[PDB]
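Here the structure comes first, spelled out in structure tokens, and everything after it is commentary.
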Amino acid sequence: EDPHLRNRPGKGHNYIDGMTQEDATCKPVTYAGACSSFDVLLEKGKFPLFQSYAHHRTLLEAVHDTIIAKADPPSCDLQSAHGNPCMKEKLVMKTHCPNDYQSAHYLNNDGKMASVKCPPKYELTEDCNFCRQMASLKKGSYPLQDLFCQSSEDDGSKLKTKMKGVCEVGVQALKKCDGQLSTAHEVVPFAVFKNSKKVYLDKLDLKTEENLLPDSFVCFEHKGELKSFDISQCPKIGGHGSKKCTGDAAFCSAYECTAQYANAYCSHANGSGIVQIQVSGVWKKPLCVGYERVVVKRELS
Amino acid sequence: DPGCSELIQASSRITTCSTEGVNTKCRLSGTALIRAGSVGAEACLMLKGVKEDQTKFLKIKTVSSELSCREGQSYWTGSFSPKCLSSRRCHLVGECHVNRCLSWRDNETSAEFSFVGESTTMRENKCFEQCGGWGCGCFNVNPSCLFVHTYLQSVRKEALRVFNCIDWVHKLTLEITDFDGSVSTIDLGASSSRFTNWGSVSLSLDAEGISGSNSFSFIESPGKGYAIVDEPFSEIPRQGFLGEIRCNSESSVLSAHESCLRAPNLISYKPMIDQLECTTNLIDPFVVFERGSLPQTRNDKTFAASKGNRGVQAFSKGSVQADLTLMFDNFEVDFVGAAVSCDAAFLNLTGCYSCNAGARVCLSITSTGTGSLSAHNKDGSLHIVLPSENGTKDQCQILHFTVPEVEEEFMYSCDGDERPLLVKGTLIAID
Amino acid sequence: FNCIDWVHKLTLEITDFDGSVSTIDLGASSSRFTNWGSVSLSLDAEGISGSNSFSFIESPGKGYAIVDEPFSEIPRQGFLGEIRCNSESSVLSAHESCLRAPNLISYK
């Protein structure tokens, strides 16, 4: 019930490495600023999964926190040479990006991250598979997948696509085809672990496991309402600190509370903590679980 | 474990071949029918690829024969003690009157009890009339009013879920072992279906069922045992019957939620001028829970709690007669064609022949690697498969025979080449 | 009033541990409130059925009485239970909220 959808834990950086153009307004990402790579994540009717899970991290924040690696090149330019590795994974995807956007990032196959790049002044289209010519053009990127990042270091490189009766989904060449193969764009779940491939899913069992973590509390600065305030300036239990801080039982159980003798009010975020996954009957912890609309080839005959 | 008993072969229609160089692998997609075993026995299924050294077993462990109770209508109930609050207001004093105090609605809260506070609890608001004058307080000669605000409060800390069972489903808890080694535990009853790593599984023949269970209600107690009541299920609540105050969840019984259903005019009132005693006559469920606690002698079966999965079951007698239809749903099966060597031994051979239980055998396999060890006889009627490991352990499985004087030379090939093996033992006739 | 069932009430005077002596009662399967918790009745194999054909009359100050006839629900002329009310003021002060049968007053 807490309307803290703009407060980002950790550091609050959303600009990606490759399109560092909107870094003047999204640093740090807080209640202020009009970052094009975060405004569409909270609009009603776009990515409801991130609307349900918004107190954690994103894919960009995971890249900045040394969680999700970047491919080579991390931002494949669309107007340069003749062939780039960041195209076979883009044409198979079918999304809907609004107008006035230059870049569009997505998830690759090797577990890293690869985005596109268009030289000025090129904008996207209704699908984003190709950047054509020309409000003003946003100097950022549009999230092509409905996923969310989180702090995790669970290893899982010995798992592959767990989909039965599927020929070649996305760009992964699984099993061969001998009869009728479909090609309809359907949603498929996936979950990439640490240093692994784009592992798809079939049965998802999400849950909420909260824990007393420093990156699970939100707060706003008080002054003569929601204001930006760094959480790292909160003293510990009898430790030290620069300014002051206070909160409820969750925020005051681990940090020091001074009641009215502070400048903010730290509150525990609803659902923030540890979000595990149940794949192959074994409870695991993913990194950036989400959905995507790629080309699914199912063997009907 | 006494190993597997029924071991058959898969047809060539649901078995394909698709090699990718040296390493020949195949897939399994279709439906195979295998005969289920008895109490203790399993059901293994060996796979033969393009040669003979490739062997993949599919054993299904059978625990016992259970009779799960199919739940239908359920509700949460428990003990409750109302806490009455008296507030004798004088006549013509704020809201206390001769006409407003009598005709008072039970679903309305005016200024007489608005300062108490809102709470999701099955409460009610009454209104009575006592006396006035200077004998008890009041300037007017008219009798004063008496507003009553009584709300329920569960004095206990435990809750019970009273349910019933319209039919007894013969559940068979099966521990299916995959080909790679992922051991999973599932269950099958009557004609159910689950989800495995290699596909799915369902039950075919199930000629074991008991009818006539609608006239009995069950009570679940988290932590303690269960109970049985010799009375049909309670649908509509009424005063003087088991199942008056009911709810829908555990919080509706512990925290007393308003959303619980109850009968109107269930709280009595005995006002005494300045006193109030709002008590009820709710039947204590722990009395019947302690009176009819399981186990109980009912007809000819034994009712008790279940293991692993929460629910009610029953202990019957006899054997296990069912048919298991394995449902292959396109599963990739891989196996290296280069196995390792190993030697086997012999221990004892006791049990029975031509029966559902069979006979166990002790086989000491001494190998140097992790793999399998296929074995057969001469005429082509016995099949033995055991996962070989680097060590010295005792294995063996159920071997059905048709002669008490067991004497047949076995031929095991754990690496591709057959080796002689002689077994012996005396068995008995057990149907 | 009437009585549809006879509840075997057991007036129990429970003595607390500290010394707070309280007097309560238990019937059939009732429950009360004590300083140490609560109390209820388990076994109660003593009950009498068949009391719907008898009506009782309460008199504050004096004794009670019994009537050999069933309870009166609907009022009518020439029957016990014509003019009825809901409280003591409806009988003493004659409140207009009391229910009665129409055309009950004769005129000559």
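The chains in the structure tokens are called A, B, ... from first to last as shown; in each chain the residues are counted from 1, and the ligands are counted from 1 in the order shown.
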DSSP on the backbone: what in region 170-418 of chain B comes out alpha helix (DSSP H), as a PyMOL selection string?
chain B and resi 251-254+285-291
Take the residues that were just selected and, keeping N, CA and C atoms, output them as a tab-separated table (two decimals), in the first residue's frame.
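To be explicit, this is the file written out as result.tsv:
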```tsv
chain	number	residue	atom	x	y	z
B	251	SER	N	-8.08	-17.52	10.43
B	251	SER	CA	-8.25	-16.22	11.06
B	251	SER	C	-9.70	-15.95	11.45
B	252	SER	N	-10.66	-16.57	10.77
B	252	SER	CA	-12.06	-16.41	11.14
B	252	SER	C	-12.40	-17.10	12.45
B	253	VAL	N	-11.56	-18.04	12.89
B	253	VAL	CA	-11.77	-18.74	14.15
B	253	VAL	C	-10.87	-18.18	15.25
B	254	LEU	N	-9.60	-17.91	14.94
B	254	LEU	CA	-8.69	-17.37	15.94
B	254	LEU	C	-9.00	-15.90	16.23
B	285	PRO	N	-16.14	-28.19	20.50
B	285	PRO	CA	-15.70	-29.23	19.57
B	285	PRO	C	-14.63	-30.15	20.14
B	286	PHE	N	-13.89	-29.71	21.16
B	286	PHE	CA	-12.87	-30.57	21.76
B	286	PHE	C	-13.48	-31.72	22.55
B	287	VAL	N	-14.74	-31.60	22.97
B	287	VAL	CA	-15.39	-32.70	23.66
B	287	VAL	C	-15.60	-33.88	22.72
B	288	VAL	N	-16.18	-33.61	21.54
B	288	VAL	CA	-16.35	-34.67	20.55
B	288	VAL	C	-15.01	-35.08	19.97
B	289	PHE	N	-14.07	-34.13	19.86
B	289	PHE	CA	-12.74	-34.46	19.35
B	289	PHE	C	-12.02	-35.44	20.27
B	290	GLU	N	-12.21	-35.29	21.58
B	290	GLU	CA	-11.60	-36.21	22.54
B	290	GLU	C	-12.44	-37.47	22.76
B	291	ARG	N	-13.74	-37.42	22.46
B	291	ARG	CA	-14.59	-38.59	22.61
B	291	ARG	C	-14.39	-39.57	21.46
```
Applying 8 Å and only C-alpha atoms, which residues near residue 329 (chain B) remain after dropping the ones on its own chain fewer than 5 positions away? List them as a list in words.
residues 164 of chain A; 28, 29, 30, 198, 199 and 200 of chain B
Selection from above, N, CA, C and O atoms, as a PDB file, in the first residue's frame, can you write it?
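To be explicit, this is the file written out as again-v1.pdb:
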```
ATOM      1  N   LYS A 164       9.157 -28.901 -23.768  1.00  0.00           N
ATOM      2  CA  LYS A 164       8.935 -30.128 -24.518  1.00  0.00           C
ATOM      3  C   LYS A 164       8.074 -29.848 -25.743  1.00  0.00           C
ATOM      4  O   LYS A 164       7.151 -29.030 -25.694  1.00  0.00           O
TER       5      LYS A 164
ATOM      6  N   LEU B  28      11.470 -40.879 -26.224  1.00  0.00           N
ATOM      7  CA  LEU B  28      10.341 -41.711 -25.820  1.00  0.00           C
ATOM      8  C   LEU B  28       9.088 -40.847 -25.804  1.00  0.00           C
ATOM      9  O   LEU B  28       8.960 -39.949 -24.965  1.00  0.00           O
ATOM     10  N   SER B  29       8.168 -41.119 -26.727  1.00  0.00           N
ATOM     11  CA  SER B  29       6.919 -40.372 -26.828  1.00  0.00           C
ATOM     12  C   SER B  29       5.799 -41.342 -27.164  1.00  0.00           C
ATOM     13  O   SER B  29       5.788 -41.926 -28.251  1.00  0.00           O
ATOM     14  N   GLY B  30       4.862 -41.512 -26.234  1.00  0.00           N
ATOM     15  CA  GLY B  30       3.745 -42.413 -26.443  1.00  0.00           C
ATOM     16  C   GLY B  30       3.079 -42.852 -25.156  1.00  0.00           C
ATOM     17  O   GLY B  30       3.010 -42.084 -24.192  1.00  0.00           O
ATOM     18  N   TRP B 198       9.964 -36.864 -17.059  1.00  0.00           N
ATOM     19  CA  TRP B 198       9.919 -37.588 -18.321  1.00  0.00           C
ATOM     20  C   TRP B 198       8.549 -37.543 -18.983  1.00  0.00           C
ATOM     21  O   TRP B 198       8.381 -38.115 -20.066  1.00  0.00           O
ATOM     22  N   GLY B 199       7.572 -36.883 -18.367  1.00  0.00           N
ATOM     23  CA  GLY B 199       6.241 -36.795 -18.933  1.00  0.00           C
ATOM     24  C   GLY B 199       5.152 -36.756 -17.881  1.00  0.00           C
ATOM     25  O   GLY B 199       5.053 -35.791 -17.115  1.00  0.00           O
ATOM     26  N   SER B 200       4.328 -37.800 -17.832  1.00  0.00           N
ATOM     27  CA  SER B 200       3.252 -37.894 -16.857  1.00  0.00           C
ATOM     28  C   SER B 200       2.934 -39.366 -16.626  1.00  0.00           C
ATOM     29  O   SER B 200       3.557 -40.256 -17.209  1.00  0.00           O
TER      30      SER B 200
END
```
Please, which residues of chain B lie no more than 8 Å from chain C when the count uses only C-alpha atoms, and can they be set out as a count of residues only?
15
Tell me which of B:238, B:150, B:156, B:331 sits closest to chain A, counting only C-alpha atoms.
B:331
Using only C-alpha atoms, determine which residues of chain B fall within 12 Å of chain A; present them as an MDAnalysis selection string.
chainID B and resid 18:20 26:29 182:185 195:199 328:332
Skipping near chain neighbours, those fewer than 5 positions away, what residues fall within 9 Å of residue 99 (chain C) using only C-alpha atoms, listed as a PyMOL selection string?
chain C and resi 75+82-86
For residue 220 (chain B), list every protein, DNA or RNA residue within 12 Å, evaluated using only C-alpha atoms, and leave out those in the same chain fewer than 6 positions away; present the list as a VMD selection string.
chain B and resid 71 74 to 78 158 to 164 226 to 229 250 285 to 286 289 293 to 294 304 to 306 310 to 312
Save the residues we just selected, N, CA, C and O atoms, as a CSV table (one decimal), in the first residue's frame?
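Contents of out.csv, freshly written:
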```
chain,number,residue,atom,x,y,z
B,71,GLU,N,-12.2,-34.9,-0.3
B,71,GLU,CA,-12.9,-33.8,0.5
B,71,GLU,C,-13.9,-33.1,-0.4
B,71,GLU,O,-13.7,-32.9,-1.6
B,74,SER,N,-16.3,-28.2,3.3
B,74,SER,CA,-15.5,-27.9,4.5
B,74,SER,C,-15.8,-26.6,5.1
B,74,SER,O,-16.2,-25.6,4.3
B,75,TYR,N,-15.6,-26.4,6.4
B,75,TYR,CA,-15.8,-25.1,7.0
B,75,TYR,C,-14.9,-25.1,8.3
B,75,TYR,O,-14.6,-26.1,8.9
B,76,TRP,N,-14.6,-23.9,8.7
B,76,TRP,CA,-13.8,-23.6,9.9
B,76,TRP,C,-14.7,-23.2,11.1
B,76,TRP,O,-15.5,-22.3,10.9
B,77,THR,N,-14.5,-23.9,12.2
B,77,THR,CA,-15.3,-23.6,13.4
B,77,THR,C,-14.5,-23.8,14.6
B,77,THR,O,-13.3,-24.2,14.5
B,78,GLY,N,-15.1,-23.5,15.8
B,78,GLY,CA,-14.4,-23.6,17.0
B,78,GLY,C,-15.2,-23.0,18.1
B,78,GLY,O,-16.4,-22.6,18.0
B,158,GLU,N,-6.5,-22.5,19.5
B,158,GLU,CA,-6.4,-23.6,18.5
B,158,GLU,C,-7.7,-23.5,17.6
B,158,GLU,O,-8.7,-23.0,18.1
B,159,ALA,N,-7.6,-24.0,16.4
B,159,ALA,CA,-8.8,-24.0,15.5
B,159,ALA,C,-8.9,-25.4,14.9
B,159,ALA,O,-8.0,-26.2,14.8
B,160,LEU,N,-10.2,-25.7,14.4
B,160,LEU,CA,-10.5,-26.9,13.8
B,160,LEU,C,-11.2,-26.7,12.5
B,160,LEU,O,-11.9,-25.7,12.3
B,161,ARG,N,-11.0,-27.6,11.6
B,161,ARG,CA,-11.6,-27.6,10.2
B,161,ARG,C,-12.4,-28.8,10.1
B,161,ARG,O,-11.9,-29.9,9.8
B,162,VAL,N,-13.8,-28.7,10.2
B,162,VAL,CA,-14.7,-29.8,10.1
B,162,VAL,C,-15.0,-30.0,8.6
B,162,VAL,O,-15.6,-29.1,8.0
B,163,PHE,N,-14.7,-31.2,8.1
B,163,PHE,CA,-15.0,-31.5,6.7
B,163,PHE,C,-15.6,-32.9,6.6
B,163,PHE,O,-15.8,-33.6,7.7
B,164,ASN,N,-15.9,-33.4,5.4
B,164,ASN,CA,-16.5,-34.7,5.2
B,164,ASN,C,-15.8,-35.4,4.0
B,164,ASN,O,-14.9,-34.8,3.4
B,226,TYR,N,-6.4,-36.8,14.4
B,226,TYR,CA,-7.7,-36.5,13.8
B,226,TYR,C,-8.8,-37.2,14.7
B,226,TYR,O,-8.6,-37.7,15.8
B,227,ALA,N,-10.1,-37.1,14.2
B,227,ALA,CA,-11.2,-37.7,14.9
B,227,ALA,C,-12.3,-38.0,13.9
B,227,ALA,O,-12.2,-37.7,12.7
B,228,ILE,N,-13.3,-38.8,14.4
B,228,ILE,CA,-14.4,-39.2,13.6
B,228,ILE,C,-15.7,-39.0,14.4
B,228,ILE,O,-15.7,-39.1,15.6
B,229,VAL,N,-16.8,-38.6,13.7
B,229,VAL,CA,-18.1,-38.3,14.3
B,229,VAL,C,-19.1,-39.2,13.7
B,229,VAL,O,-19.2,-39.3,12.4
B,250,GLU,N,-8.6,-19.9,9.0
B,250,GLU,CA,-8.1,-20.0,10.4
B,250,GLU,C,-8.3,-18.6,11.1
B,250,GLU,O,-8.5,-18.6,12.3
B,285,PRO,N,-16.1,-28.2,20.5
B,285,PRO,CA,-15.7,-29.2,19.6
B,285,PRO,C,-14.6,-30.1,20.1
B,285,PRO,O,-14.5,-31.3,19.6
B,286,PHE,N,-13.9,-29.7,21.2
B,286,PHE,CA,-12.9,-30.6,21.8
B,286,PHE,C,-13.5,-31.7,22.5
B,286,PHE,O,-12.8,-32.7,22.8
B,289,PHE,N,-14.1,-34.1,19.9
B,289,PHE,CA,-12.7,-34.5,19.3
B,289,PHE,C,-12.0,-35.4,20.3
B,289,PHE,O,-11.3,-36.3,19.8
B,293,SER,N,-11.8,-39.8,19.2
B,293,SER,CA,-10.5,-39.7,18.7
B,293,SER,C,-10.0,-40.9,18.0
B,293,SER,O,-10.3,-42.0,18.4
B,294,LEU,N,-9.3,-40.8,16.8
B,294,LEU,CA,-8.8,-41.9,16.1
B,294,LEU,C,-7.7,-42.6,16.8
B,294,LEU,O,-6.9,-41.9,17.6
B,304,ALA,N,-7.1,-43.5,10.4
B,304,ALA,CA,-6.0,-42.8,11.1
B,304,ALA,C,-5.6,-41.6,10.2
B,304,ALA,O,-6.2,-41.3,9.2
B,305,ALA,N,-4.5,-41.0,10.6
B,305,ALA,CA,-3.9,-39.9,9.9
B,305,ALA,C,-3.1,-40.4,8.7
B,305,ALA,O,-2.8,-41.6,8.6
B,306,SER,N,-2.7,-39.4,7.9
B,306,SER,CA,-1.8,-39.7,6.7
B,306,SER,C,-0.4,-39.3,6.9
B,306,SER,O,-0.1,-38.6,7.9
B,310,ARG,N,-1.2,-34.0,3.8
B,310,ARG,CA,-2.2,-33.8,4.9
B,310,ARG,C,-3.5,-34.3,4.4
B,310,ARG,O,-4.0,-33.9,3.3
B,311,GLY,N,-4.2,-35.1,5.2
B,311,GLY,CA,-5.5,-35.7,4.8
B,311,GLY,C,-5.8,-36.9,5.6
B,311,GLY,O,-5.0,-37.3,6.5
B,312,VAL,N,-7.0,-37.5,5.3
B,312,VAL,CA,-7.5,-38.6,6.0
B,312,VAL,C,-7.3,-39.8,5.1
B,312,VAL,O,-7.4,-39.7,3.9
```
Please provide the set of residues having any atom within 10 Å of residue 18 (chain A), restricted to only C-alpha atoms, with same-chain residues fewer than 4 positions apart removed, written as a list in words.
residues 73, 74, 75, 76, 77, 103, 114, 115, 116, 117 and 140 of chain A
Store the residues of this selection in a file with C-alpha atoms, as an mmCIF file, in the first residue's frame.
```cif
data_model
loop_
_atom_site.group_PDB
_atom_site.id
_atom_site.type_symbol
_atom_site.label_atom_id
_atom_site.label_comp_id
_atom_site.auth_asym_id
_atom_site.auth_seq_id
_atom_site.Cartn_x
_atom_site.Cartn_y
_atom_site.Cartn_z
ATOM 1 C CA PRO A 73 29.612 -5.260 -28.313
ATOM 2 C CA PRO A 74 27.155 -4.203 -25.586
ATOM 3 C CA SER A 75 25.451 -1.694 -27.938
ATOM 4 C CA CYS A 76 25.508 -2.991 -31.514
ATOM 5 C CA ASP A 77 25.190 -0.038 -33.880
ATOM 6 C CA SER A 103 17.515 2.856 -28.443
ATOM 7 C CA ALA A 114 23.134 -6.720 -25.924
ATOM 8 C CA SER A 115 21.293 -3.602 -27.076
ATOM 9 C CA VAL A 116 20.967 -1.641 -30.313
ATOM 10 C CA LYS A 117 21.936 1.903 -31.283
ATOM 11 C CA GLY A 140 17.435 6.768 -23.596
#
```
Residue contacts of region 350-365 of chain B (8 Å, only C-alpha atoms) excluding same-chain residues fewer than 2 positions away, as a ChimeraX atom specification:
/B:2-3,5,37-41,319,342-348,367,388,391-404,425-431
Excluding residue 105 (chain B) and residues on its chain fewer than 4 positions from it, collect all residues at most 10 Å away from it, counting only C-alpha atoms, and give them as a ChimeraX atom specification.
/B:100-101,109,124-127
Would you give me, as a ChimeraX atom specification, the residues in region 172-256 of chain A that DSSP reads as strand (DSSP E or B)?
/A:181,185-190,194,200,209,217-218,221,247
Selection above as a file: N, CA, C and O atoms, as a compact mmCIF listing (two decimals), in the first residue's frame:
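After the write, part09.txt holds the following:
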```txt
# COMPACT_ATOMS: atom_id res chain seq x y z
N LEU A 181 5.70 -27.40 -38.14
CA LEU A 181 6.24 -26.53 -37.10
C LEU A 181 5.51 -25.20 -37.12
O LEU A 181 5.34 -24.60 -38.19
N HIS A 185 3.64 -16.05 -32.56
CA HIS A 185 4.30 -15.35 -31.46
C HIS A 185 3.51 -15.57 -30.18
O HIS A 185 2.39 -15.07 -30.04
N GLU A 186 4.08 -16.33 -29.25
CA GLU A 186 3.45 -16.63 -27.97
C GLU A 186 4.40 -16.29 -26.84
O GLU A 186 5.63 -16.35 -26.99
N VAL A 187 3.83 -15.95 -25.69
CA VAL A 187 4.62 -15.60 -24.51
C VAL A 187 5.19 -16.87 -23.90
O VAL A 187 4.51 -17.90 -23.79
N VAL A 188 6.46 -16.81 -23.50
CA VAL A 188 7.14 -17.94 -22.88
C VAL A 188 7.95 -17.45 -21.68
O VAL A 188 8.65 -16.43 -21.78
N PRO A 189 7.88 -18.13 -20.54
CA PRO A 189 8.68 -17.71 -19.39
C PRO A 189 10.12 -18.15 -19.50
O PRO A 189 10.45 -19.14 -20.17
N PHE A 190 11.00 -17.41 -18.84
CA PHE A 190 12.42 -17.71 -18.85
C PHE A 190 13.06 -17.17 -17.58
O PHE A 190 12.52 -16.27 -16.92
N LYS A 194 23.29 -17.25 -12.96
CA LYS A 194 24.61 -16.62 -13.02
C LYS A 194 25.51 -17.39 -13.97
O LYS A 194 25.74 -18.59 -13.78
N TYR A 200 14.74 -21.13 -20.58
CA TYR A 200 13.30 -20.93 -20.58
C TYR A 200 12.66 -21.66 -19.41
O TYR A 200 13.32 -22.37 -18.65
N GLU A 209 9.79 -13.82 0.12
CA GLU A 209 10.61 -14.14 1.29
C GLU A 209 11.40 -12.88 1.66
O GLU A 209 12.49 -12.64 1.14
N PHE A 217 14.63 -1.12 2.29
CA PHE A 217 13.95 -0.07 3.03
C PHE A 217 13.89 1.19 2.18
O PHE A 217 14.88 1.54 1.53
N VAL A 218 12.75 1.86 2.19
CA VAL A 218 12.56 3.10 1.46
C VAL A 218 12.19 4.20 2.44
O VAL A 218 11.67 3.94 3.53
N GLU A 221 12.76 12.32 2.45
CA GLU A 221 13.26 13.39 3.30
C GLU A 221 12.12 14.29 3.76
O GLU A 221 11.21 14.62 2.99
N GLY A 247 12.31 5.40 11.83
CA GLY A 247 11.33 4.58 11.15
C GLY A 247 10.43 3.80 12.09
O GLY A 247 10.22 4.21 13.24
```
Report, in Å with one decimal, the straight-line distance from CA of residue 79 (chain B) to CA of residue 256 (chain B).
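Value for the CA of residue 79 (chain B)-CA of residue 256 (chain B) distance: 10.3 Å.
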